[PDB]
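So this first bit is one chain, no partners, the form deposited in one PDB entry, shown in structure tokens.
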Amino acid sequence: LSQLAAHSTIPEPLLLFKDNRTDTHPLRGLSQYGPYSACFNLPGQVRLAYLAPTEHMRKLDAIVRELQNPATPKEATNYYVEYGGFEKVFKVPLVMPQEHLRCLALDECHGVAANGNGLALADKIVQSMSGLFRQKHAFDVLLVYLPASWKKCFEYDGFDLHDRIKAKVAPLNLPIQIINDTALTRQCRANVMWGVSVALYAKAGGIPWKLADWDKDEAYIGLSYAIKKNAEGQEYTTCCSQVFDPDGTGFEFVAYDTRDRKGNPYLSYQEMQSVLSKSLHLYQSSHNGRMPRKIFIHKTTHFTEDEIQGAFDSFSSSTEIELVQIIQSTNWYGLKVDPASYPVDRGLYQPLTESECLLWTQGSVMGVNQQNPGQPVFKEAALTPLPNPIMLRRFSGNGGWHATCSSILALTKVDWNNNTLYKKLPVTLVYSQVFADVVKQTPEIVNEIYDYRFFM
């Protein structure tokens, strides 16, 4: 009477690296083979530029030196492999800035930071990049260091310094990696070196890794919303993030606002179909004008019937539409029994109803462990002892949870901003939420689309 439907397990998504080498473990595969974009020359080199207060430029120099030189994992040695330096790992030089590519933040930055005005702090920080705007050919990624003295402007009610800076520097087409004292201070140095190096390569060129065996005829849409607290009511900022592997070798990962105002996360008919009209045009431009054969729309909340009508009217009958709601907080949780020492395997999904499934995007991963191979790795072990599944609710389902579960799971391992093994959420939802935060911070970003490297 308690026996549910038989569960299934989606194998750990293989990651494509240099010259079609597949490895589930990102850092291990990166060290062994090199980035997927190392077969060709997306970056011929990774040139950095420095933007930091004149007292803190030694910190940027030091972290760049640690990027150059090898580092050994201290924490989470269960998973993290040895770091061999930027040149050795990425097969690409990490070019230190010249004096002309090393610009100091003005003292007005410090003044407005002590004044606690992040709105002017972001303006002054982007103004400090004025010399770098003319030299955009000389450097690839600007290294911005935010000292703890600016802590008063990092985050407060209605403002986000990171999102504001990345919004101001997105139309300028110069990628930025922001460094706080967190990266300098965290005791495990292989952690920070791996994360920063992968981020720098991804936004100084791109594609540290891709997904192995990924269909190019699919588009993945994730709609995520942010809330801006009005003095009278509230405003909802729903943004749409698309992922797809286009005909070109460059994996495509973009975001764009679904839009005047919204009072709930639920798109109207002419809003949902407008954003999907934008979406399949974006897919078509990267697919020589071919229509998607399958659309995966991921949402944090449920699809209204008007939303379903808009989705089904935005695409022809040839296109197969998958509307899926992702419920992060569920009552269900699972134990592995044979009780195993390690929890339920990652990729395990249990169908609840016809339209409901529990996907374990968190769990034990095998064949990724560095020390004592044969022992599973539970990435959130420090956080929780057992993984919390997510719930998938299908609003247009022909049958078969394997396709959507594999899509969602594979979509957890291409967050190049994520230093750990995976994410509990698909990158569609992750980047739609990040871009929703960015748009809610700065409204005037609605017209253009933006690639992940400008906001990761």
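Note that residue numbering follows the sequence shown and begins at 1. Definition used throughout: the rigid core is the maximal C-alpha set that superposes within 1.5 Å between two forms.
Here the subject shifts to the form deposited in another entry, a form of this protein not shown in this document.
After superposition on the rigid core, the C-alpha displacement between this form and the one not shown reaches 2 Å or more for just one residue among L359, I176, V243, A202, namely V243. Core-superposed comparison between this form and the one not shown: the Cα of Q234 travels 2 Å or more. The rigid-core alignment places the CA of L14 less than 2 Å apart between this form and the one not shown. Figure legend: C-alpha atoms of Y236 and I326, shown here, are separated by at least 3 angstroms more in the other form.
Whereas the displayed form keeps them at a certain spacing, the CA atoms of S432 and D247 lie at least 3 angstroms closer in the other form.
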